[PDB]
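In the working numbering, the protein residues as written are 825 to 1071.
This report refers to the structure that appears directly beneath it.
Below, the structure written as structure tokens:
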């Protein structure tokens, strides 16, 4: 990975050490990005509903992940399941249980820095993963992008500034997440958002991520060309808001 400091470095060191999970996938790949395109064509608001047991910024929601997913399965274009253990209280076994329980696309939300974690996602039933430009060298990015593609996954490339975007297009990303967060503190930061989204090629499926809590935010972003919306925290705290977000 790249030179890093603080909590982000720590989670990356953790992820480098993550042992591989023994499992055989009993479910086909259900393309998240293609299902986003079908929602777009059918005029249905595409929400990617996230499950986080905890977050490093102090989210702590006990909430059964199976019932949460089956509920979200009715309204969501896809699920985003965080499997990172230390800061998010996630697990591989939670993802496996949910993957057996739902027939919509699942993105494994973790800090991917090695091929083994892509084997894991695949073997556990995930349909895709995200790759973070801030933590990966462009050579690691290129390598992991091809590795995921060889499994039939189109990964979401997560960017949060103009340099990240330049790298994502260089590697030929077709599935981009615009993260409106400061990586150091995980405070919402929507300064770059509207200008980053305006730079993205129209043939790339764009996902807005982080700090989305209102339908107005979603509506404004749909007019700016955003294809889908990743929402974690607001939905963990109030699962019924999914019925508002798709209005």
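For each residue, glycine too, the CB sits at the ideal point set by N, CA and C.
With DSSP as the reference, identify every bridge partner of residue i, one or two as the case may be.
i            : result
residue 906  : 933
residue 884  : 878
residue 871  : 1053
residue 830  : None, per the DSSP bridge assignment.
residue 980  : 954
residue 1001 : 982, 1031
residue 1012 : 1005
Whole angstroms is fine: what's the gap from residue i's alpha carbon to residue j's?
i            : j            : result
residue 1007 : residue 832  : 8 Å
residue 957  : residue 943  : 20 Å
residue 851  : residue 971  : 19 Å
residue 897  : residue 877  : 18 Å
residue 886  : residue 1061 : 10 Å
residue 931  : residue 902  : 7 Å
residue 952  : residue 936  : 12 Å
residue 948  : residue 1036 : 28 Å
residue 986  : residue 992  : 10 Å
residue 1017 : residue 874  : 20 Å
residue 911  : residue 838  : 10 Å
residue 834  : residue 981  : 21 Å
residue 954  : residue 1041 : 23 Å
residue 827  : residue 984  : 17 Å
residue 869  : residue 858  : 14 Å
residue 836  : residue 909  : 12 Å
residue 946  : residue 849  : 7 Å
residue 963  : residue 969  : 10 Å
residue 1066 : residue 1015 : 25 Å
residue 1019 : residue 974  : 33 Å
So the candidates are the options; which of them puts its Cα closest to the Cα of residue i?
i            : options                : result
residue 967  : 948, 952, 995          : 995
residue 853  : 895, 904, 928, 838     : 928
residue 1039 : 935, 982, 1069         : 1069
residue 847  : 1048, 1028, 924, 1014  : 924
residue 1010 : 882, 1045, 948, 920    : 882
residue 1029 : 843, 865, 834, 839     : 865
residue 841  : 894, 911, 940          : 940
residue 979  : 891, 911, 856, 1064    : 856
residue 1013 : 1004, 858, 893         : 1004
residue 893  : 919, 1002, 845         : 919
residue 891  : 913, 862, 884, 926     : 926
residue 988  : 1059, 998, 1002        : 1002
residue 950  : 843, 1050, 976         : 976
residue 922  : 913, 889, 909          : 889
residue 917  : 1065, 844, 1052, 879   : 844
residue 862  : 1064, 1026, 1065, 1052 : 1052
residue 1026 : 1043, 1019, 998, 1015  : 998
residue 784  : 1057, 1065, 825        : What the structure shows of the chain is the stretch from 825 to 1071, and residue 784 is not part of that stretch, so it cannot be assessed.
residue 1064 : 895, 825, 830, 867     : 895
residue 913  : 880, 965, 938          : 880
residue 825  : 915, 938, 867, 1019    : 938
residue 1050 : 867, 830, 974          : 867
Quick check: is any heavy atom of the ligand ATP less than 7 Å from the C-beta of residue i?
i           : result
residue 870 : The ligand content of the structure shown is nil, which means the ligand ATP is not present either.
My guess is that residue i and residue j are in contact by the Cβ rule of under 8 Å, so how many angstroms apart are they, rounded?
i            : j            : result
residue 860  : residue 900  : Residue 860 to residue 900, Cβ: 11 Å. No contact.
residue 1033 : residue 1045 : Contact flag wrong, Cβ pair sits at about 11 Å.
residue 906  : residue 934  : 7 Å
residue 1055 : residue 1024 : Between residue 1024 and residue 1055 the Cβ distance is about 20 Å, and since that is not below 8 Å, they are no contact.
residue 1048 : residue 1021 : 5 Å
Only counting runs of 4 or more residues, tell me where the alpha helix (DSSP H) segments fall wholly within the segment 935–976, in order along the chain. 940–948, 962–974
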